[PDB]
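Here the structure comes first, spelled out in structure tokens, and everything after it is commentary.
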Amino acid sequence: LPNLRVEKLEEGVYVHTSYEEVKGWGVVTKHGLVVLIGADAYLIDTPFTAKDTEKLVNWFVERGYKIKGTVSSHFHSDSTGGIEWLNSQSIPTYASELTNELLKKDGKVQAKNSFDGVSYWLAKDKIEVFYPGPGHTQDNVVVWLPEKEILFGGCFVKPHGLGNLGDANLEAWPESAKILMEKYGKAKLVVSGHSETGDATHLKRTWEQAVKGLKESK
Ligand SMILES: [Zn+2]
Ligand SMILES: [Zn+2]
């Protein structure tokens, strides 16, 4: 497998890409962000592993950044795998109350800090965690960077197909996607967990895929 990749998207915003061999299934490629605000770095999703979470943290700590906080966009291991390691390093971890409940139900380590607001703001006015409603999972949130007009759609944004529906809410996905398109249609870039970054048409495409997926299910 490829090693952890970190690439600059633009000033202050990096995409981290990690790779997992899923036994009996195939290989999963997962994108998240590192967001720099002054001398602080925020991880938007952890890699699958403690190993890769540490490599990612060390890359930014060696450039002088504090890892100020991490946000997990949903309970799946491709957003949360590194939480236990981060908690051991006293790096504040955040996830919604629902995400923490789903982690606990699967016997996984919880984020230290939780929230249930529909919007939760980090770095005062620079990092918005938003819940559009169920889709890919019950608990999926997106992360908006208003100063860059970049949306981290995570694993909710699926412009080319819905992927694994095991934990999905197909009935809710269309409305959640319509809510997301209506609020973040001004987006310059939409970063997805499993596909290449796109423009704001990734939101409409996800809505189309969710509508199509629901209808095929019926
Ligand atoms: Zn997922
Ligand atoms: Zn994912």
Side-chain angles (χ1 to χ4, degrees), residues 1-2 4-7 9 14-34 43-53 56 70-84 86 93-111 114 129-144 150-174 176-177 180 189-198 202-203 205-207 209-210 213-214 217:
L1 286 197
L4 178 72
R5 186 181 66 189
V6 174
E7 295 197 321
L9 184 57
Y14 291 76
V15 173
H16 62 88
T17 303
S18 58
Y19 307 84
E20 172 112 313
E21 179 183 308
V22 185
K23 292 296 231 300
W25 293 81
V27 171
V28 175
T29 295
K30 174 65 165 50
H31 314 302
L33 301 187
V34 185
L43 302 192
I44 310 302
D45 282 7
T46 74
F48 299 89
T49 65
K51 166 196 163 186
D52 284 342
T53 301
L56 180 60
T70 77
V71 185
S72 294
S73 67
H74 72 318
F75 78 103
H76 283 165
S77 72
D78 68 346
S79 304
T80 62
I83 286 174
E84 175 180 14
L86 291 162
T93 53
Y94 296 80
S96 72
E97 283 196 21
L98 187 48
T99 296
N100 267 354
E101 284 179 3
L102 292 171
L103 285 166
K104 172 167 171 166
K105 188 173 317 194
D106 283 358
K108 303 285 186 221
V109 171
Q110 290 174 71
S114 62
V129 186
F130 174 70
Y131 181 59
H136 169 65
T137 61
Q138 253 331 86
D139 60 320
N140 54 25
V141 298
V142 304
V143 177
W144 172 242
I150 294 170
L151 183 71
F152 180 69
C155 308
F156 184 94
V157 171
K158 294 238 187 266
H160 315 289
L162 298 186
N164 188 169
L165 305 171
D167 291 319
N169 192 326
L170 276 177
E171 299 275 6
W173 210 332
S176 305
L180 197 63
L189 300 170
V190 179
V191 174
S192 152
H194 301 285
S195 52
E196 307 87 339
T197 299
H202 268 18
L203 309 186
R205 285 302 285 129
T206 299
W207 175 68
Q209 297 280 3
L214 177 48
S217 76

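Side chains are part of it too, since the values below use all heavy atoms of this structure and drop only hydrogens, waters and symmetry mates. We count ligands from 1, going down the list as the structure has it; atoms in each ligand are counted the same way. We're numbering straight along the sequence, starting at 1.
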Looking only at N, O or S atoms, find the one in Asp78 nearest to the Zn ion (ligand 2) and name it.
OD2

A side-chain contact here means heavy atoms from C-beta on lying under 4.5 Å apart; do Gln138 and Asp167 qualify?
no

So which N/O/S atom does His194 have closest to the Zn ion (ligand 2)?
NE2

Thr206 versus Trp173: any side-chain heavy-atom pair under 4.5 Å?
yes

Cut-off 3.5 Å, side chains only: do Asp139 and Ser96 have a donor facing an acceptor?
no

Look at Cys155 and state whether any of its N, O or S atoms is less than 2.8 Å from the Zn ion (ligand 1).
no

Angle at the Zn ion (ligand 1) (to 10°), with one arm to ND1 of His76 and the other to NE2 of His74
100°

All heavy atoms of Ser18 vs all of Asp52, minimum pair found to be CB-OD2, 4.0 Å

